[PDB]
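Contents: one structure, followed by commentary.
Chain IDs A, B, C, D, E, F and G follow the sequence of writing; residue 1 opens each chain.
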Amino acid sequence: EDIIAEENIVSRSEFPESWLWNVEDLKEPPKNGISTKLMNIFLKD
Amino acid sequence: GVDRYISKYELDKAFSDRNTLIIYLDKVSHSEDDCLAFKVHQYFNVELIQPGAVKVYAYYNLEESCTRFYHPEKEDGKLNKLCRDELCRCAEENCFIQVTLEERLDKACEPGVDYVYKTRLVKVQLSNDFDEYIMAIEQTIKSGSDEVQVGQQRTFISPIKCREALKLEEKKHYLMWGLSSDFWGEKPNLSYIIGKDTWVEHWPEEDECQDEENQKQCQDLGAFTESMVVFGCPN
Amino acid sequence: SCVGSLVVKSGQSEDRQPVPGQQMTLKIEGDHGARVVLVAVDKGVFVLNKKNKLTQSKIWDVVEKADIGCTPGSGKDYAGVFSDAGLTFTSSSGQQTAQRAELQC
Amino acid sequence: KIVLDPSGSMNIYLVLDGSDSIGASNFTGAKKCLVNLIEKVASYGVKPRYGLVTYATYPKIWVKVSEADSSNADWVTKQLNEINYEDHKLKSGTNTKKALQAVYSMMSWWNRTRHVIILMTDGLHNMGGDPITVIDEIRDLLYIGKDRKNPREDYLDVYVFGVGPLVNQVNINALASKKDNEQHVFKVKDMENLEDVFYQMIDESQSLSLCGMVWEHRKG
Amino acid sequence: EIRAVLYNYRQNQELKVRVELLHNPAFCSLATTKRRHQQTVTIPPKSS
Amino acid sequence: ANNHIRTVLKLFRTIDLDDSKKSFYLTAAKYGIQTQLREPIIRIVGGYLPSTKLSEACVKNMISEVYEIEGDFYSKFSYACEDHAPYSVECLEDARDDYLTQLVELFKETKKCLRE
Amino acid sequence: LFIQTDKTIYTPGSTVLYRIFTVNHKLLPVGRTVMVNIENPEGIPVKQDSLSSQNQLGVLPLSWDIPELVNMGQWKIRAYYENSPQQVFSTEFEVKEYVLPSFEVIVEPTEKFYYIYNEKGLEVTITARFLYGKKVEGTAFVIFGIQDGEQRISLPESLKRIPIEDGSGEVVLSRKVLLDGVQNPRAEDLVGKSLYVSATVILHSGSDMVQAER
């Protein structure tokens, strides 16, 4: 029938209480003294 | 009623999804048993029912929870398991499964089975929750995870419920095989468990093979083992 | 308020509520040349306990508590006013503030 | 990962399954990758003691480690093409236990000689049982895991290749040793581009001083 | 000429819209009392 | 849309990652591909009227390029993983970032060719 | 020194990550040396470290693993500069048995006090919601206790079983209950004391309960 086979399903494993323990610098050139930096993070499960 | 209160949400859902129920008790008598009862029906009608449990605890605490399991067939409700001393093992399987010859070879050729033993029962011992069978190793049809060790006394373990299903007879030879999930314990006291994943079949002795049906069974088993020992199976 | 300005906001304009396992972009605005640290925690941790959490109010409370004067203006006299304000005024003529010898008033 | 030094004596044992389940198509690939491995490891100038054992039910012994000429790469690599998949036609079993017992007998006698085992089997075995017993016996032979100050875990490294169409990964993973930050199992699709599996296979702890080596993995 | 716009602001679902112009005695279009002016159009999602 | 979903699931059941690789690595890679290259396109292609036809060449390119991407991930797992310990969960967490980034870049590039 | 810890409760066997900020009296990054100590609730230092804030712009990341066999309570982190060992800065986390609850519980009285002569009595509003922004259904438990400094007195007759609907509910304590709960019927004696609300919220599914106290 119209159902996902039980082999294909993959379970959400990562269950962290805390994450994003990162330290980054704001080296992007300033605009009115307010630098802007974009990072691509992936949300935990 | 007085002293008991059930919220309306659990009261207005019908038979659809009322598999979990919560009852609030204002107080429970500390002198006698505050016994309450009601009826439960069956509608979905599925076999292999897991036991259901009740839970009691005060509102101000959660580690003082008394849990009990009830089930119509399992007496006190605990799941049927086999345990020796401290180390335990799961035994939630049927005692056994289920004549011609070709399917015997077809099933014996499977990769799951490793050891095939045609032995003789010497003595039968019973315990609190399991029974013991003494195996006299005569010859090994197909050596498995544990060798026959030339041939000595081997011990069995089976659920105590399975004793009523079938009673093994001492001095009676049997044809049977299992898998690597059978031997249990430490050398040289490994115990082979018998269940759904295993097989049981009685091979009467050559003297007892006199009957015509017994003649057919004995000759079929002899042909099976003669093919197995030398012809093998392409794997 | 902050001496600078640190603001965190989502890069995606509106979109939909993020799905687990889906990416998203964070836009951090701050003064140039500064190093930024980050940390993200589930809110269940905070509902289970929220004491001594780091915040700007605590920082300014500590800074204010670490002051040297403890009198909101005025005083008995010039020496008293100067001592309460947390300074010392010494002149060649001879005028001087009251001597202070205790760390906490 | 492996002991690779011309100044040290190492032992490499090659075993091939004669099971009818694998077929000749994968047997040719196994022979080709074995030839590639022997040619690559021999290219560093080392002359380890080798050995070939092909088994379906009764383990046939082709090359013994005790042979004086066994250190020659040419002899072993031309014995590799001598064997064929059709040699074990009468017996079509997959008795891994008997083959590992034969390896035990061949390795029966030293404390400073590294031993390497490489195996090719689909795992599905009718005859015999779990090869773990013979592995434990061989481990106890070299006195491994018996002293709290001298573990000596770098002398015995076993590898397995999961060559075959229908392969059960549970027993393949169980048979291979699980060490710290090392891999010991591989797949059929490694016949083409042997450099990928070979990069894990060979490490240069002290072989960087010499010259005459080159890597061809597309990953870098 | 006249123009009818069939907007569609759903999710990625596709719509097989059927639009018709009912006859009016005060106009002269292709729709009559017996015959009908029907079209079966398809609107890609988030389009017009 | 029901035939399209069956076609897409049939094409993703053709993926065959060697089981010899690490178990937790295999789960991480499978979860990444399932949540960044299956769920969005399955949702996209489930909103088509049955008349529309699919272009399976784009999904075949999907599979080929995701094989290349996973090969790159496994290469960074051990070879380029100089800073972190080889075959360590921390190294896997380090490389998961650019793995997922290039995967979603693939999906964004390939969305425009689903319908022919 | 500003000790920042990612969480506030840590299960045994889980690592702890804390960053130590170093600033001067002008609130600027400083390069100095920081002594770090971690003290268990009974006051026994367990792990001591030495650091230097040079070449990090006044940020010193750190980590530690809590052993399995530890005494749960109020753990403490103590840090002080080398030149002034007397000046000790503190920041406390705790170690406990917990699993993450699935919903916040907020008890917000209409007024942040209780007028003594208010015949209506204290009114408590329960606002429970799921963490991810969805409303909750279930039943709630409220008990009002009188706190006099370190002495806590409970009121058995104020226990009320209120049903929570759409994440909202109310309960009232009649002034008669407050007067009769304490043995003394005097009114002026109650001035200067305090009340607390110990609300327990339970789902209709019975998954778990959260004890929220104000």
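To be clear about the criterion, contacts are C-beta pairs under 8 Å (C-beta built on N, C-alpha and C of every residue); 3 or more make two chains touch, one makes a residue touch a chain.
In UniProt terms the chains read F = gSG7 salivary protein.
Colleague: Among the other chains, which touch chain D and chain E together?
Modeller: Both-contact set = F.
Colleague: Roughly how far is chain A from chain G, going centre to centre by Cα mean, in whole Å?
Modeller: 29
Colleague: Just give me the whole-number Å value for how far the CA centre of chain B lies from that of chain G.
Modeller: Roughly 50 Å, centre to centre.
Colleague: Counting only Cα atoms for the centres, state how far chain B is from chain D in Å.
Modeller: Chain centres of chain B and chain D, defined by C-alpha means, are spaced 41 Å apart.
Colleague: State, to the nearest whole Å, the distance from the C-alpha centre of chain B to the C-alpha centre of chain F.
Modeller: Measuring from centre to centre gives 43 Å for this pair.
Colleague: Going by the touch rule set out above, which residues of chain G reach two or more other chains?
Modeller: Residues 6-7, 59, 100.
Colleague: Could you list which residues of chain B touch at least two other chains?
Modeller: Chain B, residues with two or more chain partners: not present.
Colleague: Could you say which residues in chain F touch two or more other chains, in rising order?
Modeller: 31, 100-101
Colleague: Hey, which chains are touching each other here?
Modeller: After working through each pair, the chains in contact turn out to be A-C, A-F, A-G, B-D, B-G, C-F, C-G, D-F, E-F.
Colleague: Can you list the chain G residues touching chain A in their complex?
Modeller: 6-7, 14, 17, 59, 61, 100
Colleague: Quick check: in the complex, which residue numbers of chain D touch chain F?
Modeller: For chain D paired with chain F, touching residues are 162, 167, 169, 181-183, 185-187, 189, 199-200, 218-220.
Colleague: Which of the residues in chain F come into contact with chain C in the complex?
Modeller: Contact set of chain F toward chain C: 31-32, 35-36, 39, 100-101, 104.
Colleague: Along chain A, where are the residues that touch chain C in the complex?
Modeller: Residues in contact with chain C: 12, 17-26, 28-30, 33-45.
Colleague: Residues of chain A touching chain G in their complex?
Modeller: Result: residues 17-18, 21, 23 of chain A touch chain G.
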